[PDB]
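Heads up, input_8.pdb below (PDB, C-alpha atoms and all ligand atoms):
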ATOM      1  CA  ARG A 537      90.913  87.170 115.178  1.00  0.00           C
ATOM      2  CA  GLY A 538      89.654  90.000 113.018  1.00  0.00           C
ATOM      3  CA  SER A 539      88.870  88.486 109.662  1.00  0.00           C
ATOM      4  CA  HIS A 540      87.021  85.920 111.768  1.00  0.00           C
ATOM      5  CA  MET A 541      84.847  88.085 113.969  1.00  0.00           C
ATOM      6  CA  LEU A 542      84.018  90.074 110.893  1.00  0.00           C
ATOM      7  CA  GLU A 543      83.262  87.000 108.814  1.00  0.00           C
ATOM      8  CA  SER A 544      81.507  85.218 111.658  1.00  0.00           C
ATOM      9  CA  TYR A 545      79.278  88.228 112.257  1.00  0.00           C
ATOM     10  CA  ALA A 546      78.403  88.393 108.546  1.00  0.00           C
ATOM     11  CA  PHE A 547      77.455  84.698 108.575  1.00  0.00           C
ATOM     12  CA  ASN A 548      75.210  85.384 111.574  1.00  0.00           C
ATOM     13  CA  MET A 549      73.233  88.340 110.249  1.00  0.00           C
ATOM     14  CA  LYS A 550      72.269  86.247 107.210  1.00  0.00           C
ATOM     15  CA  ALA A 551      71.661  83.640 109.864  1.00  0.00           C
ATOM     16  CA  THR A 552      69.062  86.015 111.209  1.00  0.00           C
ATOM     17  CA  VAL A 553      67.341  87.670 108.246  1.00  0.00           C
ATOM     18  CA  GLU A 554      66.772  84.115 107.022  1.00  0.00           C
ATOM     19  CA  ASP A 555      65.173  82.738 110.184  1.00  0.00           C
ATOM     20  CA  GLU A 556      61.531  81.727 109.666  1.00  0.00           C
ATOM     21  CA  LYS A 557      60.871  83.851 112.762  1.00  0.00           C
ATOM     22  CA  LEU A 558      60.748  86.914 110.508  1.00  0.00           C
ATOM     23  CA  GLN A 559      58.799  85.318 107.626  1.00  0.00           C
ATOM     24  CA  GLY A 560      57.033  88.670 107.522  1.00  0.00           C
ATOM     25  CA  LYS A 561      58.304  90.437 110.658  1.00  0.00           C
ATOM     26  CA  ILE A 562      61.376  91.830 108.839  1.00  0.00           C
ATOM     27  CA  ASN A 563      61.010  94.086 105.814  1.00  0.00           C
ATOM     28  CA  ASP A 564      61.110  91.733 102.807  1.00  0.00           C
ATOM     29  CA  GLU A 565      62.887  94.612 101.063  1.00  0.00           C
ATOM     30  CA  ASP A 566      65.457  94.664 103.883  1.00  0.00           C
ATOM     31  CA  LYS A 567      66.360  90.972 103.788  1.00  0.00           C
ATOM     32  CA  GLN A 568      68.105  92.000 100.570  1.00  0.00           C
ATOM     33  CA  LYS A 569      70.124  94.916 101.899  1.00  0.00           C
ATOM     34  CA  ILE A 570      71.745  92.623 104.479  1.00  0.00           C
ATOM     35  CA  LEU A 571      72.229  89.248 102.793  1.00  0.00           C
ATOM     36  CA  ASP A 572      73.774  90.970  99.796  1.00  0.00           C
ATOM     37  CA  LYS A 573      75.890  93.360 101.871  1.00  0.00           C
ATOM     38  CA  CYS A 574      76.959  90.460 104.104  1.00  0.00           C
ATOM     39  CA  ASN A 575      78.074  88.458 101.094  1.00  0.00           C
ATOM     40  CA  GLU A 576      79.886  91.563  99.898  1.00  0.00           C
ATOM     41  CA  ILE A 577      82.085  91.264 102.989  1.00  0.00           C
ATOM     42  CA  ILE A 578      82.142  87.493 102.795  1.00  0.00           C
ATOM     43  CA  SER A 579      83.625  87.675  99.295  1.00  0.00           C
ATOM     44  CA  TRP A 580      85.739  90.687 100.271  1.00  0.00           C
ATOM     45  CA  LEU A 581      87.540  88.487 102.761  1.00  0.00           C
ATOM     46  CA  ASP A 582      87.960  85.390 100.637  1.00  0.00           C
ATOM     47  CA  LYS A 583      89.363  87.721  98.005  1.00  0.00           C
ATOM     48  CA  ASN A 584      91.614  89.737 100.328  1.00  0.00           C
ATOM     49  CA  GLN A 585      92.868  86.624 102.083  1.00  0.00           C
ATOM     50  CA  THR A 586      93.788  85.114  98.750  1.00  0.00           C
ATOM     51  CA  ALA A 587      95.412  88.338  97.552  1.00  0.00           C
ATOM     52  CA  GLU A 588      97.438  88.272 100.782  1.00  0.00           C
ATOM     53  CA  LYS A 589      98.968  84.855 100.064  1.00  0.00           C
ATOM     54  CA  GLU A 590     100.538  86.476  97.043  1.00  0.00           C
ATOM     55  CA  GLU A 591     102.154  89.491  98.614  1.00  0.00           C
ATOM     56  CA  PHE A 592     103.492  86.815 100.966  1.00  0.00           C
ATOM     57  CA  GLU A 593     104.723  84.608  98.183  1.00  0.00           C
ATOM     58  CA  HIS A 594     105.981  87.717  96.424  1.00  0.00           C
ATOM     59  CA  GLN A 595     108.150  88.844  99.332  1.00  0.00           C
ATOM     60  CA  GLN A 596     109.315  85.291 100.120  1.00  0.00           C
ATOM     61  CA  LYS A 597     110.801  85.071  96.639  1.00  0.00           C
ATOM     62  CA  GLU A 598     112.187  88.583  96.445  1.00  0.00           C
ATOM     63  CA  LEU A 599     113.850  87.741  99.755  1.00  0.00           C
ATOM     64  CA  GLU A 600     115.618  84.450  99.169  1.00  0.00           C
ATOM     65  CA  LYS A 601     116.131  85.985  95.709  1.00  0.00           C
ATOM     66  CA  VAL A 602     118.820  87.864  97.631  1.00  0.00           C
ATOM     67  CA  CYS A 603     119.923  85.162 100.001  1.00  0.00           C
ATOM     68  CA  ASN A 604     120.239  82.040  97.796  1.00  0.00           C
ATOM     69  CA  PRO A 605     122.910  83.732  95.633  1.00  0.00           C
ATOM     70  CA  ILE A 606     124.984  84.478  98.744  1.00  0.00           C
ATOM     71  CA  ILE A 607     124.159  81.129 100.250  1.00  0.00           C
ATOM     72  CA  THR A 608     125.177  79.673  96.890  1.00  0.00           C
ATOM     73  CA  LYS A 609     128.450  81.576  97.297  1.00  0.00           C
ATOM     74  CA  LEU A 610     129.427  80.906 100.847  1.00  0.00           C
ATOM     75  CA  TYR A 611     128.266  77.378 100.105  1.00  0.00           C
ATOM     76  CA  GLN A 612     130.733  77.391  97.186  1.00  0.00           C
ATOM     77  CA  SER A 613     133.427  79.150  99.202  1.00  0.00           C
ATOM     78  CA  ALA A 614     135.190  77.130 101.926  1.00  0.00           C
ATOM     79  CA  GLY A 615     133.443  76.657 105.293  1.00  0.00           C
ATOM     80  CA  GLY A 616     129.706  76.464 104.558  1.00  0.00           C
ATOM     81  CA  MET A 617     127.605  76.366 107.728  1.00  0.00           C
ATOM     82  CA  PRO A 618     123.974  77.623 107.131  1.00  0.00           C
ATOM     83  CA  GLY A 619     121.553  75.044 108.554  1.00  0.00           C
ATOM     84  CA  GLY A 620     119.278  76.626 111.150  1.00  0.00           C
TER
ATOM     85  CA  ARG B 537     100.237  80.946 107.581  1.00  0.00           C
ATOM     86  CA  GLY B 538     102.594  81.321 104.635  1.00  0.00           C
ATOM     87  CA  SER B 539     103.176  84.690 106.299  1.00  0.00           C
ATOM     88  CA  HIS B 540     104.772  82.690 109.081  1.00  0.00           C
ATOM     89  CA  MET B 541     107.258  80.981 106.750  1.00  0.00           C
ATOM     90  CA  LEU B 542     108.071  84.432 105.438  1.00  0.00           C
ATOM     91  CA  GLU B 543     108.612  85.666 108.938  1.00  0.00           C
ATOM     92  CA  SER B 544     110.461  82.477 109.824  1.00  0.00           C
ATOM     93  CA  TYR B 545     112.753  82.769 106.801  1.00  0.00           C
ATOM     94  CA  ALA B 546     113.402  86.480 107.407  1.00  0.00           C
ATOM     95  CA  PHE B 547     113.856  85.727 111.132  1.00  0.00           C
ATOM     96  CA  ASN B 548     116.170  82.717 110.635  1.00  0.00           C
ATOM     97  CA  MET B 549     118.062  84.039 107.598  1.00  0.00           C
ATOM     98  CA  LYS B 550     118.741  87.121 109.680  1.00  0.00           C
ATOM     99  CA  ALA B 551     120.140  85.239 112.684  1.00  0.00           C
ATOM    100  CA  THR B 552     121.652  82.420 110.668  1.00  0.00           C
ATOM    101  CA  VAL B 553     123.775  85.271 109.253  1.00  0.00           C
ATOM    102  CA  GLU B 554     124.490  87.015 112.557  1.00  0.00           C
ATOM    103  CA  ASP B 555     125.207  83.625 114.140  1.00  0.00           C
ATOM    104  CA  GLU B 556     128.819  84.254 115.162  1.00  0.00           C
ATOM    105  CA  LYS B 557     132.321  84.364 113.685  1.00  0.00           C
ATOM    106  CA  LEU B 558     130.771  82.446 110.776  1.00  0.00           C
ATOM    107  CA  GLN B 559     132.570  85.270 108.980  1.00  0.00           C
ATOM    108  CA  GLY B 560     133.468  82.900 106.166  1.00  0.00           C
ATOM    109  CA  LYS B 561     130.718  84.990 104.568  1.00  0.00           C
ATOM    110  CA  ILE B 562     131.606  88.218 102.751  1.00  0.00           C
ATOM    111  CA  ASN B 563     130.793  89.003 106.394  1.00  0.00           C
ATOM    112  CA  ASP B 564     130.737  92.701 105.689  1.00  0.00           C
ATOM    113  CA  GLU B 565     128.597  93.663 102.713  1.00  0.00           C
ATOM    114  CA  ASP B 566     127.419  90.600 100.921  1.00  0.00           C
ATOM    115  CA  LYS B 567     125.821  89.948 104.319  1.00  0.00           C
ATOM    116  CA  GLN B 568     124.770  93.509 105.109  1.00  0.00           C
ATOM    117  CA  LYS B 569     122.467  93.228 102.099  1.00  0.00           C
ATOM    118  CA  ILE B 570     121.063  89.998 103.609  1.00  0.00           C
ATOM    119  CA  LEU B 571     120.221  91.966 106.703  1.00  0.00           C
ATOM    120  CA  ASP B 572     118.523  94.950 105.094  1.00  0.00           C
ATOM    121  CA  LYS B 573     116.244  92.897 102.849  1.00  0.00           C
ATOM    122  CA  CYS B 574     115.505  90.364 105.609  1.00  0.00           C
ATOM    123  CA  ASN B 575     114.357  93.121 107.949  1.00  0.00           C
ATOM    124  CA  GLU B 576     112.664  94.910 105.050  1.00  0.00           C
ATOM    125  CA  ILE B 577     110.343  91.919 105.068  1.00  0.00           C
ATOM    126  CA  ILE B 578     110.304  91.738 108.852  1.00  0.00           C
ATOM    127  CA  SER B 579     108.820  95.239 108.845  1.00  0.00           C
ATOM    128  CA  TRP B 580     106.708  95.319 105.656  1.00  0.00           C
ATOM    129  CA  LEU B 581     105.176  92.195 107.145  1.00  0.00           C
ATOM    130  CA  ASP B 582     104.221  94.099 110.273  1.00  0.00           C
ATOM    131  CA  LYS B 583     103.015  97.224 108.430  1.00  0.00           C
ATOM    132  CA  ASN B 584     100.634  94.848 106.654  1.00  0.00           C
ATOM    133  CA  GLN B 585      99.261  93.168 109.811  1.00  0.00           C
ATOM    134  CA  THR B 586      98.216  96.563 111.167  1.00  0.00           C
ATOM    135  CA  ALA B 587      97.167  97.394 107.624  1.00  0.00           C
ATOM    136  CA  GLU B 588      94.790  94.459 107.288  1.00  0.00           C
ATOM    137  CA  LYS B 589      93.660  94.941 110.871  1.00  0.00           C
ATOM    138  CA  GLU B 590      92.105  98.312 109.959  1.00  0.00           C
ATOM    139  CA  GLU B 591      90.497  97.298 106.663  1.00  0.00           C
ATOM    140  CA  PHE B 592      88.756  94.642 108.742  1.00  0.00           C
ATOM    141  CA  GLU B 593      87.537  97.029 111.414  1.00  0.00           C
ATOM    142  CA  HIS B 594      86.529  99.120 108.427  1.00  0.00           C
ATOM    143  CA  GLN B 595      84.435  96.543 106.572  1.00  0.00           C
ATOM    144  CA  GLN B 596      83.199  95.324 109.959  1.00  0.00           C
ATOM    145  CA  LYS B 597      81.872  98.845 110.486  1.00  0.00           C
ATOM    146  CA  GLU B 598      80.380  99.265 107.042  1.00  0.00           C
ATOM    147  CA  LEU B 599      78.367  96.051 107.499  1.00  0.00           C
ATOM    148  CA  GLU B 600      76.906  97.220 110.808  1.00  0.00           C
ATOM    149  CA  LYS B 601      76.009 100.488 109.146  1.00  0.00           C
ATOM    150  CA  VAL B 602      73.751  98.288 107.060  1.00  0.00           C
ATOM    151  CA  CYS B 603      72.489  96.123 109.891  1.00  0.00           C
ATOM    152  CA  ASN B 604      72.135  98.240 113.067  1.00  0.00           C
ATOM    153  CA  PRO B 605      69.247 100.282 111.650  1.00  0.00           C
ATOM    154  CA  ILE B 606      67.429  97.097 110.707  1.00  0.00           C
ATOM    155  CA  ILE B 607      67.983  95.153 113.943  1.00  0.00           C
ATOM    156  CA  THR B 608      66.955  98.277 115.767  1.00  0.00           C
ATOM    157  CA  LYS B 609      63.764  98.280 113.707  1.00  0.00           C
ATOM    158  CA  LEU B 610      63.248  94.688 114.812  1.00  0.00           C
ATOM    159  CA  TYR B 611      63.782  95.395 118.525  1.00  0.00           C
ATOM    160  CA  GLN B 612      60.706  97.608 118.312  1.00  0.00           C
ATOM    161  CA  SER B 613      57.679  95.450 117.534  1.00  0.00           C
ATOM    162  CA  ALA B 614      57.058  92.145 119.395  1.00  0.00           C
ATOM    163  CA  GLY B 615      55.950  93.148 122.909  1.00  0.00           C
ATOM    164  CA  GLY B 616      53.381  91.903 125.406  1.00  0.00           C
ATOM    165  CA  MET B 617      53.601  94.984 127.629  1.00  0.00           C
ATOM    166  CA  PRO B 618      56.094  97.482 126.068  1.00  0.00           C
TER
HETATM  167 NA    NA C   1     128.678  95.499  95.584  1.00  0.00          NA
END

This entry written out as structure tokens:
Amino acid sequence: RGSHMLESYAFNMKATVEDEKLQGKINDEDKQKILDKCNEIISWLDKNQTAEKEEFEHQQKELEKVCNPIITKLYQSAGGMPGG
Amino acid sequence: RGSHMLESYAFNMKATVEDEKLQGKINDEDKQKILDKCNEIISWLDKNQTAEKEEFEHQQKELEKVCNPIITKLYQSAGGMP
């Protein structure tokens, strides 16, 4: 989807650098550079995805925080429909 | 996603207030303000999708910048004729 391809990819590089196929074929110094860097992105998603949920839950409140007082107005006033 | 619910709410709350002659509402201002905010989210939501999008393509790039050189180095050593 985006955060998936990215993530997926990351999982797969590690998936490589760790394969016994390169026990010594890949620079032992290099294994680091990836793994680490891959995790960097791994975490960077987990963290960004979680931070997202908040800006969501922060707009959801500051939204109804405008509606509920009018709902709880029209709902007090005669008529009262709101039930989508 | 909880982003849906947000959308949903914004999307419903916006139409459930445009519905029809449900003008029992202060169907003029104290409704106008339910439109502005609602859409404010409708948009801000969007501006974030295409905001996240990028950051992903970004990080996705940065990680290759740390892998391409190495996988290239790999595709250069196990031949039987090359
Ligand atoms: Na006023």

For CA of residue 593 (chain A) and CA of residue 562 (chain B), determine how far apart the two atoms are, in Å to one decimal place.
27.5 Å

What are the residues of chain B that have an atom within 10 Å of an atom of chain A, counting only C-alpha atoms, as JSON, numbers by chain?
{"B": [537, 538, 539, 540, 541, 542, 543, 545, 546, 548, 549, 550, 551, 552, 553, 555, 558, 559, 560, 561, 562, 563, 566, 567, 569, 570, 571, 573, 574, 575, 576, 577, 580, 581, 584, 588, 589, 590, 591, 592, 593, 594, 595, 596, 597, 598, 599, 600, 602, 603, 606, 607, 609, 610, 613, 614]}

In Å to one decimal, how far is CA of residue 565 (chain B) from CA of residue 583 (chain B)?
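Spanning CA of residue 583 (chain B) to CA of residue 565 (chain B) is a straight-line distance of 26.5 Å.
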
Top pick for closest residue to ligand NA 1 (chain C), considering B:586, B:568, B:608, B:544 and counting only C-alpha atoms and all ligand atoms:
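Smallest distance to ligand NA 1 (chain C) is found for B:568.
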
Atom pair CA of residue 547 (chain B) / CA of residue 578 (chain B): separation (Å):
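Interatomic distance here is 7.3 Å.
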
As AutoDock Vina command-line options, please report the centre and edge lengths, rounded to one decimal in Å, of the axis-aligned box that holds all listed atoms of region 552-555 of chain B with 6 Å of padding on each of the six sides.
--center_x 123.4 --center_y 84.7 --center_z 111.7 --size_x 15.6 --size_y 16.6 --size_z 16.9
